[PDB]
Structures are given as C-alpha cells and as structure tokens.
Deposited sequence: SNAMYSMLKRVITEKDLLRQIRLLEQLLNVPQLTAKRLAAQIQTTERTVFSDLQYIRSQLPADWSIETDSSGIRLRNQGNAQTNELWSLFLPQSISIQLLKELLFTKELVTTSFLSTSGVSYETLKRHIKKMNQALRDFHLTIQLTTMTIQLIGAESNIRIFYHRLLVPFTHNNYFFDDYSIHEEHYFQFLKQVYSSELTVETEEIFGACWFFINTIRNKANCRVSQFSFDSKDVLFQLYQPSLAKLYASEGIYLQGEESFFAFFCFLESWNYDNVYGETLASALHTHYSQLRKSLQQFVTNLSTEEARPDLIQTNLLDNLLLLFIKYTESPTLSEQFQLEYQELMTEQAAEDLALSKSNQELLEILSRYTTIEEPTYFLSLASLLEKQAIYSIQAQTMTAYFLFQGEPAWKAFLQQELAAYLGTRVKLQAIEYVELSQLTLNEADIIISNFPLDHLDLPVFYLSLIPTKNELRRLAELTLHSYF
C-alpha cells in the first residue's frame, strides 16, 4: 500500500508519525484521540506526535484539535510527504542510491547528520527488508552502494515509489516528465496499436528507467527474443518517449523498457487493429492451445457460454507476458504481495507453459490464471443465492419494497416472492435465505415494514459470499 515505505523507514518515532499523518489524510472525518488503537500506541504519544507535526506544517496546512476530535485541514497532499519523508535517514539514503550507483560515505554522513556506527545500525535494518528483492546495501568507510541485479533494483524502486509518482521530493519536476509519458500514450491511443494500460504504473517505470540510465546503471542478465513481434511493433514509440529525455536504449534497456510497458497492459483490453492482427497472426499456436483449454474448461464445468467470454484473450495476454521473459516476469512478481477444481484443470495451463517457456515457482502465475478464470465464469453465471421474500402488508408497498431490495442486493441474488403455503421447500442451499416481516425451522431474516439502516447493512453482509 504505502507498506513498502513502512518497511524501509528505520526511525520508529518518524514511522509512527508517518502512520499518524496518513491516518488524517486517508480519513477526512474527525478521528478520536482514541484512534491510538489504529496506530497501536498511547494517546500520550499521539498528542506529542501531533504537536511535533504542528510545529513544522507549511502555512496553508493546519491541525485542529478539540472535544469533537482531531483533523488535518488545508486552505496538495504530497507537499506533506515531501516535508516528512526526507527526515528519515533510510529514505534520504534510498533517494541518493536511486540517482547514483555509489555514494561517498563521509559525504552522506555529513548531510544526514549521523555517525558511521549509527548508519551501520540503520543499514542493517534496511537490509532486512531489501532481502526479499535480492538486494543489499553495502557500507564501507569509503563507499555506500546498492548491490544486486539492476532489474531487481528497479522493481524495488518501482514498488516503493509508484505512490509517489506525483511527489517532487522523489521526482523533481515530475509533471514535465509525465507530460512526456502522456504524449507517448496519446500517440499510442491515436494509432492502431492503441491498448489500454495502467498509466501511473507506466509513467513511474518511465521515470525509474530514465533515472537509472542517466546514472549509468544498465540492465542485463535476462532472456528475451530480439525479434519478438510485439517488441518490434512498440519499439519505435518507446524509442521516441525515451528520446525525449535524451536517452538512447541499447538492446537490453530497450526490451526492458518494452517489458515494463507490457506489464502495464490491462486485461479485457481494446486492441487497435495492428495489435489485433499481430496477435491473431503471430501467436496462433499459443492461442490455439488456449482455445482448446477454454473449450475443455467450459465443457468440464458444464457451461458453453465461457467460450464467448474474454477468457481466451485474457489468458493469451497472460501467457505473452510470461513467455516474453520468464526471468523478468518472475522478478516482476515482487511488485505485489504474493498472498481446488480450477487448480486441477490448471495443470493443463501449467503444461502448456512448458511448451513456450520455462518457469520455476508457478504459484503466482496460477493464481493470475485463476483470477482470470474466476472472472470469466462470474460474468456469465446467473444467480448464486435466492433471497426468499415473505411479506404481508400493503400490496403497493410490498411491490415497491421488493423491487428496491432486488436492485440493492445486486444481480447475483435472486429475490423471489413466496407465500406461506409454498414455503415447504427443499430448495435451500448453504447460501439461501428467507426475508420476512412475518414471525414464522429455517434461517430467517426479519425486515421492518420500513427497513432500517441496520437491517440493510446485515442484509448486504449476508450477500458477500455471493460477490467476492
């Protein structure tokens, strides 16, 4: 979330205060002094932290404190983060290691204000969270450096800084650089290679790749195919984007930049005609195997509608992303928290992915496979619950109430009006319920004649196994 940030701040008081700050931007209610539960500390410290914060807010911010509680008000949000984050040594150190491969230790001790042994002690802590990304900061009396494969260095920064894509402390004058990414998207969206993408994710990649290129930290050590078709199609417009920062991309950098862009592509996409035809013409082997797979999944769950969903196009794109570079696609999984009947049939997906590529721990991939499958199946499944509806009282109001309830319960809950006589029903499944206003064996949800706010909370709650 900001949780990468949280793992990398080594100063606890400052982390605490960062957690306080987010609290009062995130929740524009009044928060109670009692909030201290949410931050997990004493109210005492909350009050000391607030005063700490107050003493250094820019003029147009304020924190107002009373009986009604605590609240942050302003007469833009990242100006607060730009004030507080650089107060942390570990963030200062990561900011400098993003822009140069190596720092002079004495010169960083000088600007941070700390002793070598103290920095050693912070860097030990930081190295515990970098461990997962396959990185470590080495500290000598001469040099401070970020050791690890350049691809993994960039993925870590991307995870860490994507939320700060509009922050001037990390990306000096970001808006001018983002305008370059916007211009590249316009050209893409206005051509027949148009493709939908996550633009903040894209733009932050553009920023990171530019900065590492200017600091002479180049990527390598991954397989790709120089002659890959999608790569060749997009290479020109990616060359122009990076050209706008005075970057020329050598062979490896150029594929990396393209891979980063590809990772930003959405599912259920709308592809321009040149992209479409390239995907129909140059990936017809993968496609056909996935077609077979989707027909066999549909057959095995007993609903041929599946074949008319986007599952085929989504799975193709998933496989493309993985077979473009297994080294990279694997390493890119670190951007996120890697958190039965499909999983059996997914052994066929797993064997198809041997046929084009090799992969080691496919758990993340299978889980994306599953999300796409599950998604497809839910787009076509009918209703997964029957809200049985027994209502005695004024007929006009029953009919209106019935209609409001069905609409509000959404398109997966069937609301069926029944009579007492008919309720001798062995049509009940672990999921189903009866809604009633009449006292009445069974699981019954009682509604007031005019449903209360409480009744409707609990009612939505009990639909939840039918939705996520």
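K.L.:
Numbered from 1 along the deposited sequence, what ranges are absent from the coordinates?
P.N.:
Sequence ranges with no C-alpha atoms are 1-3, 79-81, 346-353, 455-457.
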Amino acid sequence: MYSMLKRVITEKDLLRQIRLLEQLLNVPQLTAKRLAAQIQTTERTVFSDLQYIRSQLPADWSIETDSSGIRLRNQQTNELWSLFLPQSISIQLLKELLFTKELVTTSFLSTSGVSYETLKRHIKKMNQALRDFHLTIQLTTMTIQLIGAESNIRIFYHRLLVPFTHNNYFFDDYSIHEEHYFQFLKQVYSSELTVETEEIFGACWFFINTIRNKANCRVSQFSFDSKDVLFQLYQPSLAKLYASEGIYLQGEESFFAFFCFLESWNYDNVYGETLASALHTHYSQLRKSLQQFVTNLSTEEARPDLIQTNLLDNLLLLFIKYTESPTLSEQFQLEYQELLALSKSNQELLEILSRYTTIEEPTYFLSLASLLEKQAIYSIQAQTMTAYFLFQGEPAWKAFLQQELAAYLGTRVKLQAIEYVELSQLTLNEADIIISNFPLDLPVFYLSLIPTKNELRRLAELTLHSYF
From here on, numbers count along this sequence of modelled residues.
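K.L.:
With respect to the recorded C-alpha B factors, which stretch has the higher mean value, 224-232 or 379-387?
P.N.:
Higher mean C-alpha B-factor: 379-387.
K.L.:
Which is higher on mean Cα B factor in this entry, 37-45 or 402-410?
P.N.:
Comparing 402-410 with 37-45, the higher average CA B-factor belongs to 37-45.
K.L.:
Checking the entry, which one of 173, 150, 394, 361 has the top C-alpha B factor?
P.N.:
Answer for 173, 150, 394, 361: 361, with the highest C-alpha B-factor.
K.L.:
By the CA temperature factor listed in this entry, which of these ranks top: 146, 219, 339, 208?
P.N.:
If I rank 146, 219, 339, 208 by C-alpha B-factor, first place goes to 339.
K.L.:
Tell me, lowest, middle or highest third: where does the Cα B factor of residue 348 rank within its chain?
P.N.:
It falls in the top third of the chain.
K.L.:
Would you mind checking where the Cα B-factor of residue 304 ranks among the modelled residues of its chain, as the lowest, middle or highest third?
P.N.:
Highest third, going by the recorded CA B-factors of the chain.
K.L.:
Could you say whether, by C-alpha temperature factor, residue 177 belongs to the lowest, middle or highest third of its chain?
P.N.:
For residue 177, whose C-alpha B-factor we compare with every modelled residue in the chain, the answer is the lowest third.
K.L.:
Lowest, middle or highest third: which one holds residue 297 when the chain's residues are ordered by CA B-factor from the entry?
P.N.:
For residue 297, the deposited C-alpha B-factor lands in the highest third.
K.L.:
Against its chain's modelled residues, does residue 271's Cα B factor rank lowest, middle or highest third?
P.N.:
Middle third by C-alpha B-factor.
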